[PDB]
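>>> this block holds the first chain(s) of the complex, placed as they are in the complex; more will follow:
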Amino acid sequence: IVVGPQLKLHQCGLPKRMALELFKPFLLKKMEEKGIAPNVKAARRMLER
Amino acid sequence: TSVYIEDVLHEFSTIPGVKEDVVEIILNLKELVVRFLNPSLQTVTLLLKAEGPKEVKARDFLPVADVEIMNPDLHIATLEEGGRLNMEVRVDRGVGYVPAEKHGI
Amino acid sequence: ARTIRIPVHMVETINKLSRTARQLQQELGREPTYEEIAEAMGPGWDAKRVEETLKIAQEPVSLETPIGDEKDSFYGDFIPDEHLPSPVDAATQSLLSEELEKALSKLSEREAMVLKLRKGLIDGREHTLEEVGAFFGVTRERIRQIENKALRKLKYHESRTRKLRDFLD
């Protein structure tokens, strides 16, 4: 943890790389709704590397 | 922005005949101030070839048109009898501070 | 004496290798190679067989073996369970069955019915030529042909709905 003076009382700083893993199932579904990957299986293959 | 030394695959190498390690060599090339006389010129490539018991300075780079080395006295590598060195340094024009991980040139 | 039980005669052979190597180490002032033991054991023994014998002689280790000076860590805790499907894999298997049936019906159900019987979703009904004599609906050489047109229409139908490529890992 690191201090974040600029945050409002209800906020925290979350590293993007951490957030991608924690929300990974959500990220896969959303990547199909818009269009970054054809389906859920291919989207996961893309985040691996 | 970039260095290719002959017979060197990466930054952590060391050159026979040279006192300085490659980390220090790149550290010295980071102090090189290179002025472009022609405003249209965005990139060049300086060449250096040295041997024998000499202390290579910034002057020893092979001269290129419309580029003046403002600090020709800067020390680069100390070479010893039998020590060799052939490199290509790419110098660019840009703004601010761009770290090595960012440009990857 | 062993968690993995060993035939009494085989235990005798293992003990022989031990004594033999122990002599060999006492004359040589250092550990013998597999080859030095294979020579000392006589004919029939090469270095390869000495190693395989040692592999067989390895005793298992406790899952409760402590790691560290704090008494609060077990070896078994560092061992994944490889048997049960992971959430990703279980999810994948459900999704694969769902695309597979939703794919044999988009040609025809009946040419899907002939092909589906020739492998089986949750059964595994692959023979080769005899058994296929009964109920598909046709006689017997014909099912090999509709197997190809089912497989052929599937192949063309696949290039458009190329969603099944990624399941090849």
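Yep, that arrived. Residues are numbered from 1 along each chain as shown, chains lettered A, B, ... in the order given.
>>> residues in contact with the closest residue to chain A within chain C?
Closest contact between chain C and chain A, by C-beta to the nearest C-beta, is at residue C:166 (4.6 Å). Just so you know, the C-beta spots here come from the backbone N, C-alpha and C atoms, and that holds for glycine as well. Residue C:166 makes contact with A:38, A:39, A:41, A:42, A:45, according to C-beta atoms under 8 Å, 6 or more residues apart in numbering or on different chains.
>>> rerun at 10 Å
A:37, A:38, A:39, A:40, A:41, A:42, A:43, A:44, A:45 (C-beta atoms under 10 Å, 6 or more residues apart in numbering or on different chains).
>>> how is chain C divided into domains?
By the assignment in CATH domains of a matching chain, chain C contains the domains C:6-59, C:85-166.
>>> do I have it right that residue B:88 meets residue B:64?
No - judged on C-beta atoms under 10 Å, residue B:88 makes no contact with residue B:64 at a distance of 11.8 Å.
>>> give me the common contacts of these two.
Residues touching both residue B:88 and residue B:64 by C-beta under 10 Å, 6+ apart: B:45, B:46, B:47.
>>> quick check: bridge partners of residue B:77?
Taking DSSP bridges, one obtains residue B:56 as the residues bridged to residue B:77.
>>> now it: how far from residue B:55?
Going from residue B:77 to residue B:55 by C-beta to C-beta, to the nearest Å gives 8 Å.
>>> if you count what's nearby, which of those two comes out ahead?
residue B:77 (24 against 12; other C-beta atoms under 10 Å in any protein chain shown).
>>> for the biggest helix by length in chain B, packing partners?
Longest helix of chain B, by residue count under DSSP state H: helix B:22-29. The contact analysis (3 or more C-beta pairs under 10 Å, 6 or more residues apart in numbering or on different chains; DSSP states H and E) places helix B:22-29 against strand B:2-5, strand B:55-57, strand B:75-78, strand B:85-90.
>>> convert that helix to CSV, retaining C-alpha atoms only.
Extracted in CSV, the C-alpha atoms of helix B:22-29 (Å, rounded to 0.1, in the frame of the first residue of the first chain):
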residue,chain,number,x,y,z
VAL,B,22,28.6,-3.1,-21.1
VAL,B,23,26.3,-1.6,-18.4
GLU,B,24,28.9,1.1,-17.8
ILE,B,25,29.5,1.5,-21.6
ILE,B,26,25.8,2.3,-22.2
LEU,B,27,25.9,4.5,-19.1
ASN,B,28,28.7,6.6,-20.8
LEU,B,29,26.9,6.7,-24.1
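>>> same structure, new chain, call it chain D:
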Amino acid sequence: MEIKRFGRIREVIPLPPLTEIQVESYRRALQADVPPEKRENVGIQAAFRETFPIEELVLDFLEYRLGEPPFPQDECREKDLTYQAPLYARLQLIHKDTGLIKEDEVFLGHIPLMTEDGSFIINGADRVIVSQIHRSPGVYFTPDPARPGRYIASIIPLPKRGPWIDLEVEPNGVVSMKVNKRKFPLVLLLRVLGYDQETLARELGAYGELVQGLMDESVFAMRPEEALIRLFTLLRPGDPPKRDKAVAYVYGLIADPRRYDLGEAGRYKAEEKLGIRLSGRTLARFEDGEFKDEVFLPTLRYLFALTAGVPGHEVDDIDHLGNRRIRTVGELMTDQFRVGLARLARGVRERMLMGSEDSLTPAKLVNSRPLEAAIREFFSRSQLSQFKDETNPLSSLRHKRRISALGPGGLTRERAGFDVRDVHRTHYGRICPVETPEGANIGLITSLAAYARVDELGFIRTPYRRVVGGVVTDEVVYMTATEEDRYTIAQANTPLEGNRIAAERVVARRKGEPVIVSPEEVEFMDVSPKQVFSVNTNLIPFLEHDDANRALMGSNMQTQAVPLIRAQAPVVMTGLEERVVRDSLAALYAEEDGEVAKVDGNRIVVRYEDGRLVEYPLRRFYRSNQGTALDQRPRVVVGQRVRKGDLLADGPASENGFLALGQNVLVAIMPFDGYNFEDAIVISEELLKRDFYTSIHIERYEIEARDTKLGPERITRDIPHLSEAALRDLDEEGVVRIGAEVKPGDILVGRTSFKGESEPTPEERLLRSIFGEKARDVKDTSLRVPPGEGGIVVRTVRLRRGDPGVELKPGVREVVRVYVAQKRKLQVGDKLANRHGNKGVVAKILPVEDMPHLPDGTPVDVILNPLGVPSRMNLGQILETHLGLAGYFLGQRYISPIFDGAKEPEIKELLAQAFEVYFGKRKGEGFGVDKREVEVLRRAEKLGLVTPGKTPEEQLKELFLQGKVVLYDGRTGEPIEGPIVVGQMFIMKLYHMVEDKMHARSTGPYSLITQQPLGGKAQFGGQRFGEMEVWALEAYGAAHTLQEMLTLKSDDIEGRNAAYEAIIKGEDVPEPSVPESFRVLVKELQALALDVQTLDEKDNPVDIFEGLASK
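Now chain D, sitting on the chains shown earlier:
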């Protein structure tokens, strides 16, 4: 630059060789460089002499020898080999029946050798053996807590070499003896020694009621043999009291110089305490067929005389460092050696019964397996044999001088209380009062004081100068704690004129108690302030100004400093940083006088006067245990003239021979916009630009290809279903090419393994048929890159079976190692600290244009919040900054020794001289005082900082002597409304770096029995949500959040599979089902024959196994 040294103390002796506690202990145990006939009876030699001759037939010991190591140190580290020497022993077999003598030299296995710097190589990894403090053997007398006028005498021998004894005097009046926690009357044992009522009456009797209370008539009614049989029935109920059996038991327990060992220190302490002289290390003897007492009567005699209040009898303080001794490497190893030798003897005696009493030599009679296992057991698994701390050279030097009260033969964690953890008065000059772990281990683990050395008996000694009359000699005497308490010891800083004590009143100690004394009464004097503290504590300048709790953190954290590519020594040193590099062995020195012939990146060749052209190869980029780069750099040029002991190459974290744990940065002490909050630190982007606080780190990756029952694992470039984009940086064989950038997910070494009977399910069969690709025989097992790691591939080692010199563990075809390096720039979340215990994480990196700056345009480097100083009471950092300010402008570095240092006035002189350069330059350059400098001066005179009514130069210099300057905010341009403290501080980058610590998991590996996520970053584990965390969720009443933690996010299998499927389909997660670790609980209670039944509201059974477990 110039180096200005303060302090008036002339240290009569230098610090001893700092790793000598390790080197000297083991060299003494092995005596490898001594010819066998000239060996003293100690260490390995003493173990052999103790175990032999072996009785039935007799096997006798002649001598041992140690060979040379099969492989050198570098080679051992490479191949995961132990650095060791072959041990042989010459034995002569004697037949007690016949006369036959066969003699042969038998091979006992290998013994590990210690390197030059005091460490070991065990299976390829460098290791350290930590010394163990414990109670010294001897005879002690402590007060009995229950009866305020009685005492217990305890006879304690060396660990595992005998029982503990208690001599309590019971309420009935008879003196009782306690052995193996069982009690009986001591009078009975006295009769076995052949004592009669007369001897006890005449010897003692003087104490009217005590000596008569020991007298028991029934015991006297029997000659010494009958009394021995009587006692044995008390100690071993049910065992028939055969006369040879009883003698054997009592002899082995009491008189046997094999089963009972008092120390060598035990003998001295016993002889000195009771005023007797011991013939050996045993409590009694077997002589002329009966037992003859040695210790017991003098110990009984001292106890009675003590209870009576006889002059010359005192209780012993058991934490005094005279009664507490250190067990060093040699002694610890020798104890394990002695056990292994005795086990081998069991094999000898048992083999001297079976298989023919004649056709046996010594070579067939000895099986060395018990000895080899005991030594291998000690080095590979003892809890005193530790993975070396080699983060930086100081890390390992400190590690080797540590003292542990824990381990095999000492306190446990649950078994330990206050008396042992305290700082005893005798710790003065011997054990450092500062350097100890914070937390549960406080006081159990300590560090050897700098001038202390451990004597032959194991007591820590410290130097003092003799004082005769009032004149201080140069003769130094190393004293134990017991001997130190006799004299009056003056402080090291007491004023001197020449060799004479120059003060009328001196500050001294008598038994640790501080006392003021006249120069006529002064017997000894401290050698130096340095002798009181550890090596790390001695590296903290201005230590006299720091609160102890913070000084501790300063010491411990220097151990954690990461070697930096630009590393520099601090501008304020203590004068020890030169010695530490030299004793550590990290750098490199010239053996004799000579001239440098050649200087290379890889090597330095020196031509000496001898004419020999000694070549010193340099260690370049070697990976330490903690992954910091140990690398040596050449400091001399071709043709440079060198003398003996001059520097050739600098080691890691050293600069021109001085310890460099960090960098010297320009610091401003001031709040900054809450980026300073609660110890966080703000740094200038200028630091990364010029590569300050950048360090090289290497992580090691390894993979084996082994034989399986399904076929060979193969390391190949051919990996099923992978594109050429994925394989580009792999060589022909499937190994990544040296000099490639690899990032997470990338393949390092390609490998295939043969597919299990999972030989593809019919679902996969039909899919494979559609694409017309045969399901391959092998699957992709390639070694890749963990999340968050990666770098440049700098090396590869490949080891197969059937290549010269290599044989792997059974079944393993080949082992591949890939070494990957990374250059780490300082970043947000990396941790910094100075030597006074101010420590914090980098929370903000501002661009240089935002950094506060001096009037002449120079921006500061670090901004530290002043709120960290007052509660912490570590002021050395403040004085460190001021002297650092002067040094920034005068171009100098300082040596300010501890407790004899730069004092405030002397620093002021130096600070004034700097102001001339900071200002006089300006007045000559044609600039006058600034408008904003006046506004600050206005505010400063309201503060009483400057005197009203002086020119701006006069006032600015007044502020500069208080170490304060005018500071402009780079955002506004306006001044800070007050003068701010600014100067040069030494700050280190510690080993805790976010790149190593950041971790997250969606789903991942599970445990076998519980089906819950694994632990730890390396396993891709989940976080532990424990008992107290559940309470947190409970007190909030968040039930569905809590239930998720207990089911879908852990071991509920149906739920977690179903929950993942829902998130990727956009549906909401399902209501959870029964957690699998509860089903385990149910079945485990059934294994205990308890019926656990889940019931509905109607009291009918509910089946949570859904029919699977019922017939």
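>>> the contacts of residue C:166 with chain D there, same question as before?
Counting by C-beta under 10 Å, 6+ apart, residue C:166 touches A:37, A:38, A:39, A:40, A:41, A:42, A:43, A:44, A:45.
>>> count of neighbours near the residue lying closest to the third one once chain neighbours are set aside?
If you skip the residues right next to it in sequence, residue A:39 has residue C:163 as its closest partner in space, 5.4 Å away by C-beta to C-beta, 6 or more residues apart in numbering or on different chains. Residues lying near residue C:163 (other C-beta under 10 Å) number 16.
>>> wait, residue C:163 touches residue A:43, no?
No - in this structure, residue C:163 is not within contact of residue A:43 by C-beta under 10 Å, at 12.0 Å.
>>> is chain D contacted by stretch B:44-56?
Yes - counting by C-beta under 10 Å from any C-beta of the partner chain, contacts between stretch B:44-56 and chain D involve B:53, B:55.
>>> then that stretch to CSV, C-alphas only?
Taking C-alpha atoms only, stretch B:44-56 is exported to CSV below (Å, rounded to 0.1, in the frame of the first residue of the first chain):
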residue,chain,number,x,y,z
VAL,B,44,21.5,9.0,-37.5
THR,B,45,23.9,6.1,-36.6
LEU,B,46,27.4,6.8,-35.3
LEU,B,47,30.1,4.2,-35.9
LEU,B,48,33.2,3.5,-33.7
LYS,B,49,36.1,1.1,-34.3
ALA,B,50,39.1,1.1,-31.9
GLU,B,51,41.9,-1.2,-30.9
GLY,B,52,45.2,-1.4,-29.0
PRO,B,53,46.3,0.3,-25.8
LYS,B,54,44.0,3.4,-26.2
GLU,B,55,41.3,5.1,-24.0
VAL,B,56,38.4,5.6,-26.4
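>>> so after the longest helix of chain B, what's the next helix or strand?
Remark: after helix B:22-29, the chain's next helix or strand is strand B:34-36, criterion DSSP states H and E.
>>> now that following strand: how far from the chain's centre is it?
Remark: strand B:34-36 is offset 14 Å from the chain centroid, using C-alpha atoms, centre = their mean, to the nearest Å.
>>> one step back: what's the longest helix of chain B in contact with?
B:2-3, B:5, B:8, B:10-15, B:18, B:20-21, B:46, B:48, B:56-58, B:74-77, B:85, B:87, B:89, B:91, B:100, D:565-566, D:601, D:621, D:631, D:633, D:690-691, D:694, D:696, D:823.
>>> also put DNA strand E in, sequence below:
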DNA sequence: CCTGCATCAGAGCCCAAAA
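This next block brings in DNA strand E, placed alongside the chains you saw above:
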């Protein structure tokens, strides 16, 4: 009846945990 006296079951959390 009451009191010594033993045998037993307790001794903070999370992370690295370098086997």
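>>> what do you get for the contacts of residue C:166 once DNA strand E is counted?
Taking C-beta under 10 Å, 6+ apart, we find residue C:166 in contact with A:37, A:38, A:39, A:40, A:41, A:42, A:43, A:44, A:45.
>>> can you give the contact residues for the longest helix along chain C?
As assigned by DSSP H, the longest helix anywhere in chain C is helix C:8-28. Helix C:8-28 has contacts (C-beta under 10 Å, 6+ apart) with C:1-2, C:5-7, C:30-34, C:36-42, C:45, C:50, C:53-54, C:56-57, D:86, D:104, D:106-109, D:363-364, D:366-369, D:372.
>>> give the next helix or strand downstream of it.
helix C:34-40.
>>> from the contact counts, what lies against that next one?
Partner elements for helix C:34-40 (3+ C-beta pairs under 10 Å, 6+ apart): helix C:8-28, helix C:47-56.
>>> and the shortest one with helix C:8-28, angle?
In this case it means helix C:47-56. Between helix C:47-56 and helix C:8-28, the angle comes out at 120 degrees (axes from the mean of the first three to the mean of the last three C-alpha atoms, to 10 degrees).
>>> helices or strands up against helix C:47-56?
Using 3+ C-beta pairs under 10 Å, 6+ apart, helix C:47-56 is in contact with helix C:8-28, helix C:34-40.
>>> buried ones in the last one, by neighbour count?
What that stands for is helix C:34-40. C:34, C:36, C:37, C:38, C:40 (16 or more other C-beta atoms under 10 Å in any protein chain shown).
>>> and residue D:204, how close does it get to residue D:984?
Between residue D:204 and residue D:984 the computed distance is 73 Å (C-beta to C-beta).
>>> neighbour count for the two, which is higher?
With neighbours defined as other C-beta under 10 Å, residue D:204 and residue D:984 compare such that residue D:984 has more, 23 against 19.
>>> any idea how far the more buried one lies from residue D:667?
From residue D:984 over to residue D:667 the distance is 7 Å, taken as C-beta to C-beta.
>>> can you pull the residues that touch both of those two?
Common contacts of residue D:984 and residue D:667 (C-beta under 10 Å, 6+ apart): D:861, D:880, D:881, D:884, D:885.
>>> most neighbours among those, please name it.
That'd be residue D:880 among the shared contacts of residue D:984 and residue D:667, by other C-beta under 10 Å, with 28 neighbours.
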